[PDB]
Q: 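First the structure, then my questions, so here it is.
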Amino acid sequence: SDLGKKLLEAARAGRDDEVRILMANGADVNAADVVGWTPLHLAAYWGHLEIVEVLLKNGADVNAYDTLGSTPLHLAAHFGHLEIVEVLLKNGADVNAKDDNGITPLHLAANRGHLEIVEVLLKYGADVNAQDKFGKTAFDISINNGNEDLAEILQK
Amino acid sequence: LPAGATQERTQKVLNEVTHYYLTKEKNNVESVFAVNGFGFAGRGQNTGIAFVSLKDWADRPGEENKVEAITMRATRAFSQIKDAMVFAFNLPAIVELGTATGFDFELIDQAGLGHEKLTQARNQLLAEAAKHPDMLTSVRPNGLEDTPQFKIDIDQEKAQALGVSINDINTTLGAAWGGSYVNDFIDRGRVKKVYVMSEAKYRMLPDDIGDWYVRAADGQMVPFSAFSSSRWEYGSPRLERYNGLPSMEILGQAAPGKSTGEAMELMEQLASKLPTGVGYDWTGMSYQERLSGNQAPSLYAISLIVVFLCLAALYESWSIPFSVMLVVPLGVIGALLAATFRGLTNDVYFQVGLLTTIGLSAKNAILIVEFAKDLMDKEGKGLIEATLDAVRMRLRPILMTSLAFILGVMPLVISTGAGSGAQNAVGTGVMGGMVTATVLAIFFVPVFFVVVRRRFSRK
Amino acid sequence: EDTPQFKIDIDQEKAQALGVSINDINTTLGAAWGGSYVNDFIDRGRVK
Amino acid sequence: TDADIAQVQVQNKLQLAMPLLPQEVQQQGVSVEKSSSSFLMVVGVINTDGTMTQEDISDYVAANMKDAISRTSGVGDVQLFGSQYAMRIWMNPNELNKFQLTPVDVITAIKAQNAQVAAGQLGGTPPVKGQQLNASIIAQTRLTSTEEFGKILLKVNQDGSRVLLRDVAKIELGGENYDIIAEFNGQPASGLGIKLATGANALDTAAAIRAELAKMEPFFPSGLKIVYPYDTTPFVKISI
Amino acid sequence: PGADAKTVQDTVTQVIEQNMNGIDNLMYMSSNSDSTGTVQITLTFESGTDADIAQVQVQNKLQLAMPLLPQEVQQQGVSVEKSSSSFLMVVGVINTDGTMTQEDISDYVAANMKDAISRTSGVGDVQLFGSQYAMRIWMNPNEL
Amino acid sequence: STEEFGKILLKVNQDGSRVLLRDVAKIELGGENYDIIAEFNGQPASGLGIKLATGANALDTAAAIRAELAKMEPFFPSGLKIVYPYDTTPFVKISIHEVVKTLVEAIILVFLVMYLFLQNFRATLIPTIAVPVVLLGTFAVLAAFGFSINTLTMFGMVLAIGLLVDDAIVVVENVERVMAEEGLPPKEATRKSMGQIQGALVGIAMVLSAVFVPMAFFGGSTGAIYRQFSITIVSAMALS
Amino acid sequence: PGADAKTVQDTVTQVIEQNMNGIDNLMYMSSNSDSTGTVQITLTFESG
Ligand SMILES: CCCCCCCCCCCCO[C@@H]1O[C@H](CO)[C@@H](O[C@H]2O[C@H](CO)[C@@H](O)[C@H](O)[C@H]2O)[C@H](O)[C@H]1O
Ligand SMILES: CCCCCCCCCCCCO[C@@H]1O[C@H](CO)[C@@H](O[C@H]2O[C@H](CO)[C@@H](O)[C@H](O)[C@H]2O)[C@H](O)[C@H]1O
Ligand SMILES: CCCCCCCCCC(=O)OC[C@H](CO)OC(=O)CCCCCCCCC
Ligand SMILES: CCCCCCCCCC[N+](C)(C)[O-]
């Protein structure tokens, strides 16, 4: 698609006004680059709250996965975008979503030490005993990084 | 081509570009040197240049078969190409220098904000620059944008647990996917490099990562999938730095009718409203213009003062020199009329042309005033008598010089061949300037002398 | 002027007998008491 | 004598000796300067809010000021009155012995786990026919914080417990050296001792330094201020 | 070889930039580090500066910074050239019968032409558009 | 050779069989990198980027390069051909020809105009001698100052034609007038004629110096360009 | 060190000589490569 590739650029750039005009013209919201990132992936990555809401209103797949199985919730959680994590979870984002490595939004949130997002994810029913390909939980990450605050939050 | 585009895809576009030039412009184009993988803006598989070589100028009559015409037809024709920004353009007069038209802005990270924050501050400046089309035009980044990159995390615990060293892991990955320069060998009495690397088909996709094995201390072969995890992230394919600090180069030019100086003034004002720790500086052509601009007023002053002092000594008067110096506009008006009419610019050739036009008109005036004054001083003649007797004596040589020189620069004006752009700039400004300088001076010089002499009865 | 300095002799025979590398001794003594510049890192986007 | 040719001739001979020097001396970096023996000026730096220590001020000068002053024409040598920060691994011999580890094991671990790896590209040249994806492969990068150095894995025990670098050492940002400590009227300070390059005009160089310091002041953190406790150039300017 | 923009910057570009001190008549310094594993640091000097004195002063400060660079970069080496110069002409070498690749042509130009053109009267510099042959070992992970 | 690299021993198996480098890799002579694909009308291409040496003649150099490539013609493999996609010397040759044509045509036009007004061949020959002497003198001053024959210096003399032509006409015309008006012999007529203009000509030289000389004192890239025209015009005018 | 005249000529002498192009006032260049692995390249320049 022509407009699909303009929407990917718009969503990434954070050009709220251009995304508005694209949704009206009917730019493909399920458009994906070579790595398989939708506008929602990009919007979630770069932290554009307004565009995430607009794309979800225009039937964007909240549980869309890239070629390595990562979702917008993975990206939003990892890069510490609290507002976007809540919006995604309210629109029915899979909280226990595993990538190809068995990594979850909780794992990524725990690794960068995002306390608010960890509690938001746990509130929406994030499996705290969820293990990756190396058999590591969000708790195993917290004690290894030496995060006492996060270690106290993660008592099942 | 778009971010993450491969070498093969760029070749398809260069083939279309090459095909066009040897089909639609076969009468003009001699050859197309298609360089896939290189760009002046930046390198990569998603960039390329096509150097178009033309036939001899003799075999390309009229503007229809010139670079400017072919460039416009090429640029318009290549507008149809999908998922590629293809356009032609002529080389600058001096390839040693850049385009040397517009400004060269450097956005600097002054407090270790990082790449991501400097990108946001750049996008902010670009957005604010776009809100002033009346002052700023084509305000763009010179460098490249962030692209998807394959981040792989080696689990240190799993590596040590299976008895696999990190050096063996990082060598196996680096050598296979990246390539490794081992040592030198001698091919027909010439020392050349030896490179180890993966055969293409085993280093293409993320699935191929798991096909590579590393031997442990116990001698067991362990695949990369056993002790590695991978995800997608964005990073810079070309990071810039200016004076030791992280930077981003921004190109742009003044809008039609606006000077580059005024365009810089705004770019400075827009830059002062950027986030804390984001500085700026002027480089290249911009750095040159600012220093060159400061000198201009002082050099004019000195030039204009010494001219007056020399004439004052010549004539033995503080007043009479003005009669000569008033001819300057008589030559300049003609050059500007000729330039504006033919559709040329205020370039170096035009500017040096004005000085030689001014110089000869000043010379014509100097001799008329000298003759007129000498008749008044020596032979005791009246102001008007001496002035009329002077212009009479000085009429023939002025007409002879003017007739010869105007005809002499005629071929430069009408020239449409190789290096005609420089000839036109030299010829047009001089011809028009000489026509007015000749016609006006012969009538205006005696007016200047009489008015100045009447005003100042000091000597 | 000359000052008191701590002379230490590494017994080669004893090291060879115990199976202690002389490189490991010199590195251990040098690194601990003198300091060792291992490699570089990035502190707020500057190599240190 | 032309100081430019003198420097080139001296360095030409130094480069014959360089390879024979110990690896530790080469990695510290050998320098060849053409400057006066005496200081041109001392550029003092203090924090009036007192929100930065002598060590914080020294690092900022070294990281954000020194290099640009060192590159300025007329500046032969620049002496930092203080030290730039380094990642300091303060080893504990009791803890190292406890886990049967040595400084050799610590140095090996840092080189292995604080590594910047060149991992190549996906769909790199020469590629196969029909390749649509081209992306840079990113492996290990340099560590950025004391936390990341802290969780460097030295070894794993028989029971499967991890021995991290922070278990055998205290890890902080600290000066390359701790030799030079400066004060300005009894107040914590750093600065730059600037030597005049052989032949260069003292006043022209002083003006060039002030111009460069003026481009840094705007982006200073709160409290940080430039002071001029030693300058020989004002006397020359006023005396004339 | 095989290094990303950040690897090149943080191990090469920053290390060289930090050692570009005590060089006379430097106006400004710019650089870029790309994903093809390349860095170019351009030092621009005042008008009327001896380009030979400028180049050797840059060269000399680089030489002392060479031990601070990675083993793979020291092995490849670091070029210091006067870049402000422009080309007199470009001599193109092609194969019409399609018996030679661009690698084959480049090797011949390097071995049998370049040196002779360099010794030609009035030639100040010669740059090869391509590389001479290299022994390529294309590894197979299944057989390894 | 690739054969020898293929015969490199990697491992000796338990059964006694030998693993060579050709058993686990394809071996061939290739490029150092495969990032750039160069084509010339779709055909595989390389090339050489040649720069002119300091103080060298572009036209002599290009001729010498073509002469050397001609000696290499016989040793080229079958299919290999030399092509010249970029060459500046054909542009430089036309620039010199067109400027020599302009100066020749200018002297011819002065001759015609001199004869139209004065109507005697003896008078028309004085400019024909004077102008070439001044132009030749300009090149001598140009060379002495370390300048070259380039687009800017060549068009510099074209822009100065008017000033050189005028000096010739003014001196001869004024003598022809004095003779026609007072009936003086050529020698006595020249003494008086020069006595009326000698003071002005010296004054004109100083005024034109004041106009052009300061143009050479601009700095940077623009200054260098302006200095080419400035020195050429001031030299040509001074000799005139 | 250890290299024969032929080996050191191919790897050193020829590598340096091919880069000794476009040096101002260069009259002639003489060099020798011997069995001790020693290389000497002498460049003679114009008088003045
Ligand atoms: C024989 C007759 C012919 C003689 C003609 C040639 C005369 C010599 C020309 C000297 C050139 C002077 O060069 C010029 O000097 C002045 C000093 O006043 C400098 O100084 C300039 O700087 C700034 C500009 O805003 C001002 O503060 C100052 O008033 C101004 O003069 C210019 O930056 C420099 O370009
Ligand atoms: C008006 C009186 C004074 C005369 C002023 C003349 C203007 C000054 C220009 C002089 C040019 C000097 O340089 C001169 O140029 C001619 C061409 O024009 C060149 O001649 C060239 O001809 C062809 C070009 O394809 C080559 O085969 C030849 O090898 C080459 O030398 C010479 O390199 C040189 O002899
Ligand atoms: C000694 C005086 C001769 C000066 C020769 C020309 C100087 C170059 C100046 C120049 O062109 O740079 C400015 C800039 C170029 O981009 O724009 C211009 O060209 C503007 C020129 C303004 C001229 C005003 C005339 C003043 C009358 C007293
Ligand atoms: C710098 C002063 C230049 C002015 C030129 C003066 C020349 C006129 C001399 C008059 N004369 C001596 C011939 O009678």
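What you see below is based on every heavy atom in this structure, not just the backbone, and it leaves out hydrogens, waters and symmetry mates. Chain identifiers are assigned alphabetically (A, B, ...) following the order of the sequence lines, protein sequences preceding nucleic acid strands; residue numbering begins at 1 within each chain.
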Q: Less than 4.5 Å to any heavy atom of chain D: does that hold for the side chain of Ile23(E), its backbone, both, or neither?
A: backbone

Q: At a 4.5 Å cut-off on heavy atoms, which part of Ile138(D) comes close to chain E: side chain, backbone, both, or neither?
A: side chain

Q: Could I get the full list of side-chain contact (heavy atoms from CB on, under 4.5 Å) partners for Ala5(E), not counting sequence neighbours?
A: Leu239(B)

Q: Heavy-atom distances under 4.5 Å only: say whether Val117(D) touches chain E with side chain, backbone, both or neither.
A: backbone

Q: Could you list all the ring-ring contact (aromatic ring centres under 6.0 Å, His included) pairs where at least one residue sits in residues 116-141 of chain D, not counting sequence neighbours?
A: none

Q: Below 4.5 Å from any heavy atom of chain D, which atoms of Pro1(E) appear? Answer side chain, backbone, both or neither.
A: backbone

Q: According to ring-ring contact (aromatic ring centres under 6.0 Å, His included), who are the partners of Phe39(D), at least two apart in sequence or on a separate chain?
A: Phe81(D)

Q: Can you say whether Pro126(D) sits under 4.5 Å from chain E via the side chain, the backbone, both, or neither, judging by heavy atoms?
A: side chain

Q: Heavy-atom cut-off 4.5 Å, strictly under: side chain, backbone, both or neither for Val75(D) against chain E?
A: backbone

Q: Kindly provide each donor-acceptor pair between chain D and chain E shorter than 3.5 Å, listing atom names and distance.
A:
{"unit_1": "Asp4(D)", "atom_1": "OD1", "unit_2": "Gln57(E)", "atom_2": "NE2", "d": "3.1"}
{"unit_1": "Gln11(D)", "atom_1": "NE2", "unit_2": "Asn60(E)", "atom_2": "O", "d": "2.5"}
{"unit_1": "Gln15(D)", "atom_1": "OE1", "unit_2": "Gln63(E)", "atom_2": "NE2", "d": "3.3"}
{"unit_1": "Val32(D)", "atom_1": "O", "unit_2": "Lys61(E)", "atom_2": "NZ", "d": "3.0"}
{"unit_1": "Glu33(D)", "atom_1": "OE1", "unit_2": "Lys61(E)", "atom_2": "NZ", "d": "3.3"}
{"unit_1": "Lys34(D)", "atom_1": "NZ", "unit_2": "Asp24(E)", "atom_2": "OD1", "d": "3.4"}
{"unit_1": "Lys34(D)", "atom_1": "NZ", "unit_2": "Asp24(E)", "atom_2": "OD2", "d": "3.1"}
{"unit_1": "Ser70(D)", "atom_1": "O", "unit_2": "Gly22(E)", "atom_2": "N", "d": "3.3"}
{"unit_1": "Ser73(D)", "atom_1": "OG", "unit_2": "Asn25(E)", "atom_2": "N", "d": "3.1"}
{"unit_1": "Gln116(D)", "atom_1": "NE2", "unit_2": "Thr7(E)", "atom_2": "OG1", "d": "2.9"}
{"unit_1": "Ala119(D)", "atom_1": "N", "unit_2": "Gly2(E)", "atom_2": "O", "d": "3.3"}
{"unit_1": "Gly120(D)", "atom_1": "N", "unit_2": "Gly2(E)", "atom_2": "O", "d": "2.7"}
{"unit_1": "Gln121(D)", "atom_1": "NE2", "unit_2": "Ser35(E)", "atom_2": "O", "d": "2.9"}

Q: Please indicate whether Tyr230(D) has more than 12 foreign heavy atoms, meaning atoms of other residues, nucleotides or ligands, lying under 6.0 Å from its OH.
A: no

Q: Between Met66(E) and chain D, which part of the residue has a heavy atom less than 4.5 Å away: side chain, backbone, both or neither?
A: neither

